[PDB]
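Here is the structure we will look at.
Number of protein chains: 2
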Amino acid sequence: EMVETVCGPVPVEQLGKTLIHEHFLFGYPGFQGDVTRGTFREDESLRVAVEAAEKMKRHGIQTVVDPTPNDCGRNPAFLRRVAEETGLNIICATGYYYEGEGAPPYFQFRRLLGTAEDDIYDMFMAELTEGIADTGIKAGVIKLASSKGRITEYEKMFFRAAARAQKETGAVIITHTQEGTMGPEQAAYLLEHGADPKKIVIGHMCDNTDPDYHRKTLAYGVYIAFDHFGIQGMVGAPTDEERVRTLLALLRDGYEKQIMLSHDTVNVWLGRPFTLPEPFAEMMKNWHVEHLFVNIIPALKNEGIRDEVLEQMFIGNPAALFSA
Amino acid sequence: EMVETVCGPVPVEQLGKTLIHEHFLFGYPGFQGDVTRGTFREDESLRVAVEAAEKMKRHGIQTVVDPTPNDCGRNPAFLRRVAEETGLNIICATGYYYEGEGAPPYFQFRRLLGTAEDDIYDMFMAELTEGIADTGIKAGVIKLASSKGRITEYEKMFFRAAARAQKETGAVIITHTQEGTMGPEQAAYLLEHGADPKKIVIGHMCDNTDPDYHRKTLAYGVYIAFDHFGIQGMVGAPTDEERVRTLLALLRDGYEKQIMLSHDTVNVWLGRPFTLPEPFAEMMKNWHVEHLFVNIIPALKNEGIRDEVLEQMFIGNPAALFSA
Ligand SMILES: [Co+2]
Ligand SMILES: [Co+2]
Ligand SMILES: [Co+2]
Ligand SMILES: [Co+2]
Numbered sequence: 003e004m005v006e007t008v009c010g011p012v013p014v015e016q017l018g019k020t021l022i023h024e025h026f027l028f029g030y031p032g033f034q035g036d037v038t039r040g041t042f043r044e045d046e047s048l049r050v051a052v053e054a055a056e057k058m059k060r061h062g063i064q065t066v067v068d069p070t071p072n073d074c075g076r077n078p079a080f081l082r083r084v085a086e087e088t089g090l091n092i093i094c095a096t097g098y099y100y101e102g103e104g105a106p107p108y109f110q111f112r113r114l115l116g117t118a119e120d121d122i123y124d125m126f127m128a129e130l131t132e133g134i135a136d137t138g139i140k141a142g143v144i145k146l147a148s149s150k151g152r153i154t155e156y157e158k159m160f161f162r163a164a165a166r167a168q169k170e171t172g173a174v175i176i177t178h179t180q181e182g183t184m185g186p187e188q189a190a191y192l193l194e195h196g197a198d199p200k201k202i203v204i205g206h207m208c209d210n211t212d213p214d215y216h217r218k219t220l221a222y223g224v225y226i227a228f229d230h231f232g233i234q235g236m237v238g239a240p241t242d243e244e245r246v247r248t249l250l251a252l253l254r255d256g257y258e259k260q261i262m263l264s265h266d267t268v269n270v271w272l273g274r275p276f277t278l279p280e281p282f283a284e285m286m287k288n289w290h291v292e293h294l295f296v297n298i299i300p301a302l303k304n305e306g307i308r309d310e311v312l313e314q315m316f317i318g319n320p321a322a323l324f325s326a
Numbered sequence: 003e004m005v006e007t008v009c010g011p012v013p014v015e016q017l018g019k020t021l022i023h024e025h026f027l028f029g030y031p032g033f034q035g036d037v038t039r040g041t042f043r044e045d046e047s048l049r050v051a052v053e054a055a056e057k058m059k060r061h062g063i064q065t066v067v068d069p070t071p072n073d074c075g076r077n078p079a080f081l082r083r084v085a086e087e088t089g090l091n092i093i094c095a096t097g098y099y100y101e102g103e104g105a106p107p108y109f110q111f112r113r114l115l116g117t118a119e120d121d122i123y124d125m126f127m128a129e130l131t132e133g134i135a136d137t138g139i140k141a142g143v144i145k146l147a148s149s150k151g152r153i154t155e156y157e158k159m160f161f162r163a164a165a166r167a168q169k170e171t172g173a174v175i176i177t178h179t180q181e182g183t184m185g186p187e188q189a190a191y192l193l194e195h196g197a198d199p200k201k202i203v204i205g206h207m208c209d210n211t212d213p214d215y216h217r218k219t220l221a222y223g224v225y226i227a228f229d230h231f232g233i234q235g236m237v238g239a240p241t242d243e244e245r246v247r248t249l250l251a252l253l254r255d256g257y258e259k260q261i262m263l264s265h266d267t268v269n270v271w272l273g274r275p276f277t278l279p280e281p282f283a284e285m286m287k288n289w290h291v292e293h294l295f296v297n298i299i300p301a302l303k304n305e306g307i308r309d310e311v312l313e314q315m316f317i318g319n320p321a322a323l324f325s326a
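If you read the sequences in order, they're chains A and B.
For what it's worth, the entry's author numbering labels the leading residue of the first sequence as 3, then goes sequentially.
For what it's worth, the entry's author numbering labels the leading residue of the second sequence as 3, then goes sequentially.
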């Protein structure tokens, strides 16, 4: 009936049109050490984050899931400010990123102590059922992530802890896959450990252009997310044209009740500002929160995708995902 | 001749008896993500850190160099609270840790952008000559660190930026070596990029028990630190008995003017509290700030080491190190 947002419990039936994977803030681990030159400018950051939220609202978005990992600058209190200003529902996560873009030393050390996996489960339970730090905000999803071609031993600790927490709480799991790998493997591993496929979203699935890879993942009964719309020009990433091609094939096969769409935007980068070099910068120009609504959805409609199917993906699926 | 401390400039002639490598606070990268169960409690932490400072003061210590890396929870304002309460001089660092206990994703990303090395130099210069964040505190040393058996491409960016910053500022460089490797290589690499050997301390040298490894390093004209006293059993670490054996051999060889001693304590751990298992816990029982004075120095004097030699290491060498 209810889901935890940054403003507290909200009825699942009130979530409405949802973006399943966007970041208001995000930083690569290590950004914290560059505080002198890469200061967090909260006022400007809030202005930018609120502007992004308003752009989403303009296209009927009422809810956003922000799965910023705990080790990547997650800031629930900041999200609450965005939500308070805009009236958007924002659902945050508990979880760590994958090894290559994460900060593994801490839980690797606890693994040497023999307690890491239990500590992670304890962290998930605390943040799902008690609150994050002193904010009073509970996470509404568990974020999991794996490496390219491998769910590492470090990563598997989180996967097992997540399955355990899910069995206890009924919490939704949202995942990151790296470079179009491990979708089927994540689903199989989570299900081995008793996780509920109807509560799992395997992310970044659109990074792989082989429809058989998607169908192998869909076979487990999980949700999949095409959540990289706008990300073009590598590393390895396919084009939006290719993403649309893959999506159309799955919709023709009747998989709409298992698919959600997003952009995985980073609206405010933590640390120093940066500029992409020009070939890449132009290829990435559509990576913003309006892209699905201005470009992608019109293209789907051009191919004959019905409004009810679009509504299934943006409204029906998040409602079902967060319902018992 | 002055050095920057957490309280501002202090005459080098007033540093007196110094511990070259101790941490009031330290966290393994990723500790930030375990904030809920591992919150930093400032009042209690300050009480503990102040007590550690008072323990050092009782043995005549007037100065501590705290080289906590930027990515390992460095908190200069906290150090200033400790120093303001106790009158201890505390000198802090600018730098990142080695890959295996560091947070490389941030500067790895900036390396891809082509700016990392310049960004690191910029950071070093800002923190040595202007201030850290909004604290008004300047770092007095640059902290460098390498991995086991190699200085990685990531680490080398910091090494080159450090040499550049040293040429400009005359700043002292303090290093970490991993598992008794890369001592000579660090010295060679820094001098090859124009760093001053009389301003370099190669750290954790006591983790290697081969006196030829030490003599190879010492031949570069650099300082070396036996800075792991009390750390026994963990990750290939030698015993204190073995450390004393190596140290005695070098002192009898006439190397006193190049050697400094410390414990590399962590007085307050960031993140969740932990307890070491029973075999390791007993082995680590002497890992505290009084150990050199209560146990090690008496062991050295029992082996014929005179007060003048000890004073050279604890007083003479730090004064020379920080002098032009
Ligand atoms: Co991701
Ligand atoms: Co993401
Ligand atoms: Co070290
Ligand atoms: Co240290």
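No residue lacks a Cβ here, since even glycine has one placed at the ideal position from N, Cα and C.
Looking at the DSSP output, residue 10(A) sits in a beta bridge with 7(A). Beta-bridge partners assigned by DSSP to residue 68(A): 94(A). Rounded to the nearest angstrom, the gap between the Cα atoms of residue 58(B) and residue 260(B) is 23 Å. Here residue 296(A) is exposed, its C-beta having fewer than 16 other C-beta atoms within 10 Å. Residue 212(B) has a beta carbon lying at 8 Å or more from every beta carbon in chain A. Per the C-alpha coordinates, the member of 179(A), 246(A), 121(A), 120(A) positioned closest to residue 232(A) is 246(A).
Excluding the 5 residues flanking it on each side, residue 207(B) has same chain C-beta neighbours closer than 7 Å at 179, 185, 216, 219, 226, 227, 228, in chain order. Of the residues assessed, residue 125(A) falls on the buried side of the cut-off, its CB having 16 or more other CB atoms within 10 angstroms. Contact residues of the region 251 to 271 of chain A toward chain B are absent (C-beta to C-beta distance below 8 Å). If you check each beta-carbon in the region 85 to 102 of chain B against every beta-carbon of chain A, the ones closer than 8 Å belong to 98, 102. Between the alpha carbons of residue 209(B) and residue 149(B) lies a gap of roughly 14 Å.
By the rule that beta-carbons nearer than 8 Å mark a contact, residue 108(A) touches chain B. By the rule that beta-carbons nearer than 8 Å mark a contact, residue 34(A) touches chain B. Where residue 225(B) is concerned, the enclosing beta strand (DSSP E) starts and stops at 225 to 228. For residue 270(B), DSSP records a beta bridge to 27(B). Within 7 Å of the C-beta of residue 205(B) there is at least one heavy atom belonging to ligand 3.
Counting only residues whose CB is nearer than 6 Å to a non-hydrogen atom of ligand 2, the list in chain order is 23(A), 25(A), 69(A), 266(A). The C-beta of residue 199(A) comes no closer than 8 Å to any C-beta of chain B. For the region 272 to 300 of chain B, the set of positions with a beta-carbon nearer than 7 Å to some beta-carbon of chain A reads 273, 274, 276 in chain order.
Its chain contains 159, 162, 163 as the residues whose beta carbon lies nearer than 7 Å to that of residue 119(B), once the 5 sequence neighbours on both sides are disregarded; these appear in chain order. When C-beta atoms of the region 272 to 291 of chain A are compared with those of the region 25 to 40 of chain A, three or more pairs fall below 8 Å, so the two segments count as touching.
The contact set of residue 111(B) on chain A, defined by CB atoms closer than 7 Å, consists of 30 in chain order. Taking C-beta atoms as the reference points, residue 17(B) and residue 65(B) count as a pair closer than 8 Å.
In the DSSP assignment, residue 178(A) falls within the beta strand (DSSP E) that extends over 174 to 178. Counting the other CB atoms within 10 Å of its CB gives residue 7(A) a total of 16 or more, which places it among the buried residues. Boundaries for residue 147(B): no alpha helix (DSSP H) harbours it, while the beta strand (DSSP E) harbouring it runs 143 to 147, taken from the DSSP string. It is roughly 19 Å from the alpha-carbon of residue 205(B) to the alpha-carbon of residue 27(B). A Cβ of chain A is located within less than 8 Å of the beta carbon of residue 115(B).
Bounds of the beta strand (DSSP E) holding residue 203(A) are 202 to 204. Within the region 125 to 141 of chain A, contact with chain B at the beta-carbon level (separation under 9 Å) is assigned to 125, 128, 129, 132, 133, 134, 135, 136.
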